[PDB]
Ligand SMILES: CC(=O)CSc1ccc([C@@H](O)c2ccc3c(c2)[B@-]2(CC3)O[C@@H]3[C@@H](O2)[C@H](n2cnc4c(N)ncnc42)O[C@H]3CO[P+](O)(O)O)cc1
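Okay, here we've got a single chain as structure tokens, the form deposited without the ligand, with questions on binding and movement later.
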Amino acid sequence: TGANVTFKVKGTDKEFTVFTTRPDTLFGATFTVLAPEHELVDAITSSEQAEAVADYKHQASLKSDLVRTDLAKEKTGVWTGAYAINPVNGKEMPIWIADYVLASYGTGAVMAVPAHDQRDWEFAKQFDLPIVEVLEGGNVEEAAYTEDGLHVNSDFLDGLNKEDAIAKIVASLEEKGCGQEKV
């Protein structure tokens, strides 16, 4: 009961898809995270980042899934040198690779919404990435707010609930060809 969302890689011919349960949190997506093992990684890595990205892929391949998805472990990762385009507002989002995302978790790609996902939150805090609230009810600078609330900072989604916003966002994307609901 989710949605596939497609992100273009800025300045290239490349794209990747993320599967998300919460397409309505799209305006809160401040970066994207690919599993170190994702197919796209080598293609979009900048020449400056290439060596750190290779050391990081090596290090992550030395860790089991269970270790990598252990919430208590320090968050770890490296910037690819590339940016993704948010299909709803064209904003640029850095593309990082990180342990905590597995190649088998969905598409191996997540749109990170640190304000409302604990793992993304901890990664954003670790790496000083921006945190933007889109569901009201919490204090996202101090703790991820992982519950439902009315939308804010979300343009045409402002004031709606989960069911409503999911409907509108999905329509907006299917019409553009940048998304679609998947089961």
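Residue numbers here begin at 1 and follow the sequence given.
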item	value
Stretch exceeding the other in mean C-alpha B-factor - 113 to 121, 64 to 72	64 to 72
Between 97 to 105 and 77 to 85 (mean CA B-factor, as deposited), the higher	97 to 105
Modelled-residue ranking by C-alpha temperature factor, third containing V140	lowest
Within-chain third of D148 by Cα B-factor, per the entry	highest
Entry-reported Cα temperature factor of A171, expressed as the chain third it lands in	highest
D128 CA temperature factor, ranked by third within the chain	middle
Among modelled residues of the same chain, the CA temperature factor third for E39	highest
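What follows is about the form deposited with the ligand bound, which we do not show.
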item: In the bound PDB entry, the residue from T146, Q126, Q59, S46 that sits within 4.5 Å of the ligand by heavy atoms; value: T146
item: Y105, heavy atom within 4.5 angstroms of the ligand in the bound PDB entry; value: yes
item: Contact flag, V113 vs the ligand in the bound PDB entry, heavy atom cut 4.5 Å; value: yes
item: Partner contact for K162 in the bound PDB entry: the ligand, 4.5 angstroms, heavy atom; value: yes
item: Contact test in the bound PDB entry: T21 vs the ligand, heavy atoms, 4.5 Å; value: yes
item: Options 113 to 121, 59 to 67, 153 to 161, 46 to 54; stretch whose heavy atom lies within 4.5 Å of the ligand in the bound PDB entry; value: 113 to 121
